[PDB]
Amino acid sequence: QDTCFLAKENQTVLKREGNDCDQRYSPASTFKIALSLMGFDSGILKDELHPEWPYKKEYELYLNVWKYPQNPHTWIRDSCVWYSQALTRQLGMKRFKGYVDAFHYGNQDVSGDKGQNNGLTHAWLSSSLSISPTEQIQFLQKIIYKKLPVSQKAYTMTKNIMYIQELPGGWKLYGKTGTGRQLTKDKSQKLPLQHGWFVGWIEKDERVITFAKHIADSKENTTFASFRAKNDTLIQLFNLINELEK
């Protein structure tokens, strides 16, 4: 049971729980936040509903809702892997590596699964790319304070499609879940052991609190780790809101 909860307002850390705050893991689908910033900054993504791309039979259909046409809004909401891969193939390796380095995203390793030049479409899917909760906070803070080398439209559009819901007191929740598989140390193969993320921020009036939650399982589990990560996070944020509103 390795976990980590971080919440941070501006330069102050409001919460820090668990032992794994500085351990790096595959971002899994939380990389879609970085992909949204690249997509809208490069001009390949146009707005929340464009471009819309068709489902192809070749795409693995791990979730049935991925069979529908996808646009940036549904991409985040459905966590559609094949949409991410269509986007990076248009970026190309040069631009994709450039953004990953310009963003200073974790270990910045985009080589992919050992033994296949598949980093462009697999680096974030329990492969080479790796990032810690502390680094997730840094990266999200660079989004909130516009400290990344992307355009205004990329900030605006990425924020729009990361919106989830309204929390008590009127705090708005923005975020992204991600579920990955742990790897063996030798040959680096994917295990049935899960790990999962929920990262993002809550916002009300002038105030923004970024957060990052991570869970690594020791045993198998019939539930996605990202859902357990997100389900715990909402309880932390509900109690945090109650403290902030005192």
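Start at 1 with the first residue shown and count on from there.
Higher mean CA temperature factor between 184-192 and 46-54: 184-192, per the PDB entry.
175-183 and 217-225 differ in mean CA B-factor, and the higher of the two is recorded for 217-225.
Of all the options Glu135, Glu166, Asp113, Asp78, the entry's greatest CA B-factor is assigned to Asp113. Highest C-alpha temperature factor among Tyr62, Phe31, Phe198, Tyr68 per the entry: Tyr62. Among the modelled residues of the chain, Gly170 sits in the lowest third by CA temperature factor in this PDB entry. Ranked by C-alpha B-factor against the other modelled residues of its chain, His73 falls in the lowest third.
Among the modelled residues of the chain, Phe103 sits in the middle third by CA temperature factor in this PDB entry. Split the chain's modelled residues into thirds by C-alpha temperature factor. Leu237 is in the middle one. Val150: CA B factor lies in the middle third for its chain, per the PDB record.
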